[PDB]
Amino acid sequence: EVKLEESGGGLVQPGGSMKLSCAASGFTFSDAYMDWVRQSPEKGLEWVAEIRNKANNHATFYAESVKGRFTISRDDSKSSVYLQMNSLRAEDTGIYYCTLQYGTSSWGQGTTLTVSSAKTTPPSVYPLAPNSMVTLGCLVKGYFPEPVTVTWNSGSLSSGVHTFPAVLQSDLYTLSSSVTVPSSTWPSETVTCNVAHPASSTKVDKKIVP
Amino acid sequence: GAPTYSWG
Amino acid sequence: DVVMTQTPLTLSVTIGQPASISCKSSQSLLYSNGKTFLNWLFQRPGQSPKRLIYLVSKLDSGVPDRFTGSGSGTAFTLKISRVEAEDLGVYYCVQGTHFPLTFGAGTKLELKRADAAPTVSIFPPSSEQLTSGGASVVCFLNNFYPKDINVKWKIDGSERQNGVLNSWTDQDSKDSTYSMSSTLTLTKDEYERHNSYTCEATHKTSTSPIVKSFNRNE
């Protein structure tokens, strides 16, 4: 069975350096080209780099966006392929996959790279208050890194909940969470969003007041 | 056997 | 180099019914040796892409028989004879004829349900945030279907683009609906310069937009 396992991902500042490693097994490694592919929401799937087999004298090839900043290498004796990435930029952010696409197709689990200036910052949690149903929300603004967790009345309201994916402004994440309850339950009974930001060891309980 | 690309 | 264009960006499918998705290349994928190096990948959420099809129409080991690839030159098709639950996710076409290896932006196979108009809610800045010197205005467009929706902000009746960020949920596990948040971020100073704040949703379920507004001074 062909197995590719990547490591070396993490958080790095723009201008910084990171080395990805891929341990391969289940094919004659010496004879294969190896290819790195990355994935981001904004650019989708992108070929990054190729290193060819001993026959082609380990010939290396790079995407234009990456030329002069990335170096692909290989250790034939350890069945390992590497990607040294220098002068990293925000746009290099994404999931990096080690792949065998030579006479077959096999993709690793991937390793996540995040290129950001941001320091650990807890969220500011703001209440969103205004038929038979009423919608309430919490605005969770200006935190770093991901994730935050949001529950409603400590998870007793889970049914009518939407927590939206976080977006970035100026290196900081913001999201909102909505909850829909019968109009008979609020304002009469309390509704609180419970916001946890593990990286800042932050808990906020925001009661929604009319 | 089952190639992805032409430059194999 | 070679640009790969996939149509539909989203296909709505019923489990048991067929699916067809298109891939087009900016130049011919026919190679010198007679081979055409068009591949189809499939990606489940949170999972690595996996090749289903290579050389236009050849199935990878263990790929179900309901998958068929076809085409030549610049026009290619992936078909599913009868969609199963495991087939929901993103399909990418991948060109291996011309150096660099190049990918389509993908086609998301989504589950069809009944049309549903969004529940639209608008929220003023909290007193807490205003205290803090900030002013975010939030609009939720909740539990609608199909995924496509247009949100417009109006401040004092006039459209506004600057400071707006949108986020969509994935198709709801229980509901099969979509939800969207729109957030207008102003300074306190800028928020206090205007009185009327409006969120407008346009969705296929009505030719008439859903309008929700508040006044800064109520």
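All values below come from the heavy atoms of this structure, side chains included, with hydrogens, waters and symmetry mates left out. Residue numbers begin at 1 in each chain, while the letters A, B, ... track the order of the sequences.
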Taking every non-hydrogen pair under 4.5 Å, which of [options] racks up the most with chain C?
{"options": "A:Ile95, A:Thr104, A:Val125, A:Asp35", "value": "A:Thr104"}
{"options": "A:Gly44, A:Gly110, A:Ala129", "value": "A:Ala129"}
{"options": "A:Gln101, A:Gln39, A:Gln169, A:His162", "value": "A:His162"}

Neighbour count above 12 (heavy atom, 6.0 Å) for [X] [atom1]:
{"X": "C:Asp148", "atom1": "CG", "value": "no"}
{"X": "C:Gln27", "atom1": "CD", "value": "yes"}
{"X": "C:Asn217", "atom1": "CG", "value": "yes"}
{"X": "A:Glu42", "atom1": "CD", "value": "yes"}
{"X": "C:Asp170", "atom1": "CG", "value": "no"}
{"X": "A:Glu146", "atom1": "CD", "value": "yes"}
{"X": "C:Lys79", "atom1": "NZ", "value": "no"}
{"X": "C:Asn33", "atom1": "CG", "value": "yes"}

* Asked: C:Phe103 vs A:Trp107 aromatic rings, parallel, tilted or perpendicular, using cut-offs 30° and 60°?
  -> perpendicular
Check whether [X] gets within reach of chain C through its side chain, its backbone, both or neither, counting any heavy atom under 4.5 Å.
{"X": "A:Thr135", "answer": "both"}
{"X": "A:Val134", "answer": "neither"}
{"X": "A:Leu168", "answer": "backbone"}
{"X": "A:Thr99", "answer": "neither"}
{"X": "A:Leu136", "answer": "backbone"}
{"X": "A:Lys141", "answer": "side chain"}

* Please report the shortest heavy-atom distance between A:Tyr97 and C:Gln47, naming the atom on each side. => OH-O, 4.3 Å
* Asked: What is the minimum heavy-atom distance between A:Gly137 and C:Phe140, and which atoms define it?
  -> CA-CE1, 4.0 Å
Output the distance between atom [atom1] ([X]) and atom [atom2] ([Y]), rounded to the nearest 0.5 Å.
{"X": "C:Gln129", "Y": "A:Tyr126", "atom1": "CD", "atom2": "OH", "result": "5.0 Å"}
{"X": "C:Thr169", "Y": "A:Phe164", "atom1": "OG1", "atom2": "CZ", "result": "6.0 Å"}
{"X": "A:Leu139", "Y": "C:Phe123", "atom1": "CG", "atom2": "CZ", "result": "11.0 Å"}
{"X": "C:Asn143", "Y": "A:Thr180", "atom1": "CG", "atom2": "OG1", "result": "6.0 Å"}
{"X": "A:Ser105", "Y": "C:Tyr54", "atom1": "OG", "atom2": "OH", "result": "11.0 Å"}

Under 4.5 Å from any heavy atom of chain A - which part of [X]:
{"X": "C:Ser127", "answer": "neither"}
{"X": "C:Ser132", "answer": "side chain"}
{"X": "C:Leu101", "answer": "both"}
{"X": "C:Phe99", "answer": "side chain"}

* Pick whichever of C:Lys174, C:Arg51, C:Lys50 has the most heavy-atom pairs under 4.5 Å with chain A. => C:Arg51
* **Pairs of heavy atoms under 4.5 Å with chain A: top-ranked of C:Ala105, C:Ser181, C:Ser121** => C:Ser181
